[PDB]
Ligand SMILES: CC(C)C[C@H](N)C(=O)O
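First, one chain by itself in C-alpha cells, the form deposited without the ligand.
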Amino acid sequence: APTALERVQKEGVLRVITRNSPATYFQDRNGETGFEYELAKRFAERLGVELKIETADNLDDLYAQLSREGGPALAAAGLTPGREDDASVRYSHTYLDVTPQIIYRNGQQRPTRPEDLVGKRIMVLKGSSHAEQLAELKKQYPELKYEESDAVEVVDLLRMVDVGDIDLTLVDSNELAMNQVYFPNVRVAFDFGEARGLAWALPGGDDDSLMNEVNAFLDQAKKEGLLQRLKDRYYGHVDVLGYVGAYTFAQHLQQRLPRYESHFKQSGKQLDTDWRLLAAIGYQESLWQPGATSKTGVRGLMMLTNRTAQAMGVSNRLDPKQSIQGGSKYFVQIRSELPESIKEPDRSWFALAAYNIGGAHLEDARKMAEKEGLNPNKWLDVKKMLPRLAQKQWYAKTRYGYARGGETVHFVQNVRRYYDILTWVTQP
C-alpha cells in the first residue's frame, strides 16, 4: 500500500488544514497570507506538489478532519501539543516557542497570579491548550469558572476583553502581539506557565514517511532563517513597533482612521491602488493627523513639500482630502516612473523609498547595489545599500551625494508593517 508521502506525490497535492485567521491563513482580494500558509506553501514546493488549504471552524473540527478517512495530510494551525500522547495524533518537531498569557482590560485591576483568576468572567477557545491549562488550575482552585467557545477565533476573544464583554482571556503570546494593534485596551496580565513549542499535526499510526519530510523541512526552514522572517512579519508587531507603539496604533485605528478612510478609499479607487498602502503611508508620515507640521518643509497628513503640493495641484496641505489625494497621486506617479526592470511587489517598496528619499538618491543606491554584485531590481538588496548614502565614505563618490538612507529603510519597513496590519483587519 502507498505510504502517506507516496499518496501526496501521486495526487500531486498536499492538503493542509488550518484556521481562517491572519495568524494562520487569510484571504484578501490581493492574495493569500499567513504564517502557516507561507510555511506550508514552502513545504509543498519542497515536495514538488500543489498546496491545497482547508479550514476548520474550531480545534475539535480540525482534529476530527485530520483523523477521518480521506482527510488532509497535516494540520498547520499554531497547534500546541497536548501534555499526554493520544494515538489519534502525532506532532512534528516544534517550530516556534510561545508563552501563554492572561489578557485583561486596561482600567480593571490586573490579576497577578493564577489564584487571582477566580471570580472572573473568562473565555477561551474550546479544545485549546489554554482550556486545558484552566481545567488543570480548576483542580487546584475549585471555585475557578471559565467558559469555552467553539465558534470564534482568538481575535474575537481579545475583542471581548477590549470592549468589556469578558474580564479575561488566555492566549498565546504571538497572538497577543499580532492583535495588540487592534485593541487599545487589551493588556498582558502575566505569563501563565512556561513557553510551549508549536507543532504541525499528522494523523495517527506508524507511517513516518511524511513526518520525516516535515521534520527535515522545518529544520531547513530554521536554518535558512525562514521561520524567523515569518515570525517577524506576522508576530513581530510589538517587537518592532514597541508595546506602547502597538496599542497606540490601535487607538489611532479606532479614533483617527475613520475620519479619513473614505478619502483613502476614493484615492485608491481613482488611482487603482490599494487604499491600505496609502493609509499606511499616512500613518508613518503623520499618524493620521492632517494638521501635523515639521521643521523640514513637510506638512499635512501625507507630509507633502510645497514643491510636491504645487506639482500635484494641492492648494492646501492642511486639508486632509487634498493631502491624501496629492500624496497618493505622487506615490503612484513615482511608482510608474521606476525602471521597467523593477517588478511588483518590489516595485511598490522601491516607490516607498523614493517617496521618502527621492528617485535620484534611490538610483544611486541601485547603482551601488549593482557595483557590489547585488540585484538592483530586488528591494532586499538595494535596502542594504541605502544606509551607506548617509556615510561620507560612500556618498562622496555618488552622483547625488548625501542622503538619509537609514531613515528611508525605517520608513519602508514601517509602512510595509502598517500595510499588513490594515490588510489583516477583521470584522466583529
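Heads up: residue numbers just count along the shown sequence, starting at 1.
Although it is not shown, the form solved in complex with the ligand is what the next lines describe.
For the residues 268, 127, 236, 111, the 4.5 Å heavy atom test against the ligand in the entry with it bound is passed only by 127. Checking 166, 103, 218, 79 for any heavy atom within 4.5 Å of the ligand in the entry with it bound turns up a single hit: 79. Here the marked residues 19, 154 and 172 all reach the ligand in the entry with it bound, each with a heavy atom within 4.5 angstroms. Contact annotation: the ligand lies within 4.5 Å of heavy atoms from the stretch 127-135 in the entry with it bound, the single such stretch among 183-191, 203-211, 140-148, 127-135. Although the partner is absent from this view, residue 59 contacts the ligand in the entry with it bound, with a non-hydrogen atom inside 4.5 angstroms.
Using a 4.5 Å cut-off on any heavy atom, none of the residues of 322-340 reaches the ligand in the entry with it bound.
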